[PDB]
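*Asks:* Got a structure for you, questions after.
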Amino acid sequence: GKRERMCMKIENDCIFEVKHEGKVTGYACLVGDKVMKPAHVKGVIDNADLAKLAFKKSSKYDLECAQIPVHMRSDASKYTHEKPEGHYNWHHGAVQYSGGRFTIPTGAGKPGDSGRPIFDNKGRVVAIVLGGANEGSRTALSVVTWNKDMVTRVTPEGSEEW
Amino acid sequence: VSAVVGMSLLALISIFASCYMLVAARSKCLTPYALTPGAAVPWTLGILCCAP
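Next up, the structure:
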């Protein structure tokens, strides 16, 4: 409904896409005053200005970061750090979080969909999806958090790198 | 001549290895703060290492 329309409205401007061999293979996001880009996916960002920008890399956390220029300063994603339990929005349905773990219904997460941020109820961004592992009718999520000042990765067993 | 050349080379490689590994230790200690959106490095760690 209206919430879906507003989610699409943000996604048309905040989340970008990377392409390779004429095919899109990863999504990059702008959170706070930085950029997030999971490091397993390679390609050219479909934006002339961002591509020329110099990046940074850390294979420990499987992400690439940078600093945004001042002409997408307004196009922020309103970061936050609180994690109450409940349900959380995503482009591929509503994801619920309990016991320090993220759970999705079975095969709603698709290969090559990594890099899409999660949204809380107030629309703030809380984590970036990296990969998933399944058990029964539910599939666990491997995401990176923003606890205070140090990012932390949490990965379930046998996670499939999307 | 050979002994002096060898000693100088060994000293140079030792110094270079130590400096490079210390730089790596700095870069690995201060790497997560550049990935966290927002926030800021503590002033003490930003003084004992040059933090941009």
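First to last, the sequence lines map onto chains E and F.
Mapping to PDB author numbering: the first sequence position 111 is 216, numbers consecutive.
Mapping to PDB author numbering: the second sequence position 25 is 724, numbers consecutive.
Where a beta carbon is used, it is the ideal one built from N, C-alpha and C, also for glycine.
#1: Taking C-beta pairs closer than 9 Å, name the residues in chain F that residue 168(E) reaches, listed in chain order.
#2: From which residue to which residue does the alpha helix (DSSP H) around residue 719(F) run?
#3: Residue 194(E) and residue 119(E) - do their beta-carbons sit closer together than 8 Å?
#4: Taking a Cβ distance cut-off of 9 Å, strictly less, list which residues of the segment 701–727 of chain F are near chain E, in chain order.
#5: My understanding is that residue 234(E) touches residue 219(E), with C-beta atoms under 8 Å, so please give their C-beta distance in whole angstroms.
#6: Any residues in the segment 240–257 of chain E with a beta carbon nearer than 7 Å to a beta carbon of chain F? Which ones, in chain order?
#7: With DSSP collapsed to three states, give me the class of residue 110(E).
#8: Where does residue 189(E) sit, in a helix, a strand or coil, going by DSSP?
#9: According to a CB-to-CB cut-off of less than 9 Å, which residues of the segment 131–147 of chain E neighbour chain F?
#10: Using a C-beta to C-beta distance shorter than 7 Å, which residues of chain E count as neighbours of residue 750(F)?
#11: Do residue 210(E) and residue 191(E) have their C-beta atoms closer together than 8 Å?
#12: Would you call the segment 704–712 of chain F and the segment 252–261 of chain E in contact, with 3 or more CB pairs under 8 Å?
*Replies:* Reading it off the structure:
#1: In the first sequence, the residue the question calls residue 168(E) occupies position 63. Ordered by position in chain F, the residues that pass the 9 Å Cβ test against residue 168(E) are 734.
#2: For the purposes of this step, residue 719(F) is taken as residue 20 along the second sequence, with counting starting at 1. Per DSSP, the unbroken alpha helix (DSSP H) holding residue 719(F) starts and ends at 701–728.
#3: The residue you call residue 119(E) lines up with position 14 of the first sequence. The residue you call residue 194(E) lines up with position 89 of the first sequence. Remark: C-beta atoms of residue 119(E) and residue 194(E) do not approach each other more closely than 8 Å.
#4: Result list: 727.
#5: Here residue 234(E) refers to the residue found at position 129 when the first sequence is read from its first residue. Here residue 219(E) refers to the residue found at position 114 when the first sequence is read from its first residue. About 6 Å separates the two Cβ atoms, so the contact holds.
#6: For the segment 240–257 of chain E, which is checked against every Cβ of chain F, the residues closer than 7 Å are 251, 254, 255 and 256.
#7: For this step, residue 110(E) is matched to residue 5 along the first sequence. Reduced to three states, the DSSP call for residue 110(E) is helix.
#8: For the purposes of this step, residue 189(E) is taken as the residue at position 84 of the first sequence. DSSP places residue 189(E) in coil when its eight states are reduced to three.
#9: Residues 136, 137, 138, 139 and 141.
#10: For this step, residue 750(F) is matched to residue 51 along the second sequence. The contacting residues do not exist; residue 750(F) stays about 13 Å from chain E at best.
#11: Numbered from its first residue, the first sequence carries residue 210(E) at position 105. Numbered from its first residue, the first sequence carries residue 191(E) at position 86. No, Cβ-Cβ distance for residue 210(E) and residue 191(E) is not below 8 Å.
#12: Pairwise C-beta distances place the segment 704–712 of chain F out of contact with the segment 252–261 of chain E, as fewer than three of them are shorter than 8 Å.
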